[PDB]
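In structure tokens, one chain follows: the form deposited in one PDB entry.
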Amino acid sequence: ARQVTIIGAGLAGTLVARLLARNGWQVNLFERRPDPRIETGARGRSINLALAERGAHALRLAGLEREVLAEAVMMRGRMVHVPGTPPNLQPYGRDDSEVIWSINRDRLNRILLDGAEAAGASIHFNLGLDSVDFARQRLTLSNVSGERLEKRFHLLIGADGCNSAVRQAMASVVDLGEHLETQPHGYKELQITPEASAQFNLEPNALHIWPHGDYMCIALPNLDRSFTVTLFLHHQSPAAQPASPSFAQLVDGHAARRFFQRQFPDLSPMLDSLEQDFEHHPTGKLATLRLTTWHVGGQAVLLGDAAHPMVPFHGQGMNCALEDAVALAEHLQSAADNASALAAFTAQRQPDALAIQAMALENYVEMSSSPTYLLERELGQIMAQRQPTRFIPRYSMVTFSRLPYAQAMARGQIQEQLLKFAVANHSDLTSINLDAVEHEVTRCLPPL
């Protein structure tokens, strides 16, 4: 039996552990955190994620989708909140087949952990990877107390997140050609209780957005009608706009309250613990990190956030990480050797990870920001109606299809250009020749 050591019992790590273990691999998974399945008296906060077709299909292949979806809230559309007007619901797709799912992170990780162990993987918690000796094929782990433990490894999988220790170790033996692109927005998690969401009639079966240009809030629902709210706001005010809102200007919870009362007036009343949440939850950082290579020969490979940290604005980090786990397990299972598997996995996945990193950066303006855009969208709907197998909105290709991200982006670019061009020098839909635009759709977009 082939042997593998996985670092990080997160989403990609636990999924790949299950897929490999059920194929008879000897799997050892090391996780720095404690086992979340060991119930304690601690009050841990609820992070929600938007699971879409790529992640759901990865779970489906692993036989875990039904279990995960049983604990997920259906989000049928995007509810845009602009003060003064009732919330506007933009359905995400054609029917209830085209939805996204709000899942609690902890519930998903419990299901994945159980799944990896049921398949035969051994999971070792409270052990963080500190260093790797590639030459000797040994690694060093430590607990929170700092006691070190050395292990031999045959194949190392870095599923250890955005700040991957495996990536750091690899960067000492190979040039990973890393390029870090900082992101000016920090984030803060806030909570809406079930009583508050019910009192203010906040729709449970939707993803909620409070656009505000350079900053915004999003809220995802929980099974108990509570919502996790994420505030995205610049860490610092830029030199050109020193008065522009930023986390630096929000000195405490009281300042956060005044900011929400002025900028998000219909949201502030739903945030009962705003002051406490603001002061006790730390401000998180966002980034895009791109690598030229994801592996060291046949010895080690990265996947998920360890390979390609991305900005959160497309809700695709988990979806991409789970899609990577399937691809990795498939390549490892069938290749001539690990070196061939890792090179083929990297060659397949890197262009797609680059595409979603670019599309996620682009999606910020689509959420938080129009006269020319409405005519483009109006023309886009007719083209999608006339040609639904050809003209598929980019959000739908990324969210509801398994088309390689690079292809979703390429078709998205053709569509965006087509619309931008077609509307240029036209006041309305009457002056636009619909059959001419449709001919360009048939000429440039093959049916899928």
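The term rigid core refers to the most C-alpha atoms you can superpose between the two forms while keeping them within 1.5 Å. In this text, residue numbers run from 1 along the sequence as written.
Keep in mind that the form deposited in another entry is not shown, yet the notes after this line are about it.
- In the core-aligned comparison between the shown form and the other one, the C-alpha of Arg377 is the only one from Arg138, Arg148, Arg377, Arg262 that shifts by 2 Å or more.
- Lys420 shows a C-alpha shift of 2 Å or greater between the shown form and the other one [criterion: core-superposed Cα displacement of 2 Å].
- Once you line up the core between the shown form and the other one, the Cα of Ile38 stays within less than 2 Å of where it was.
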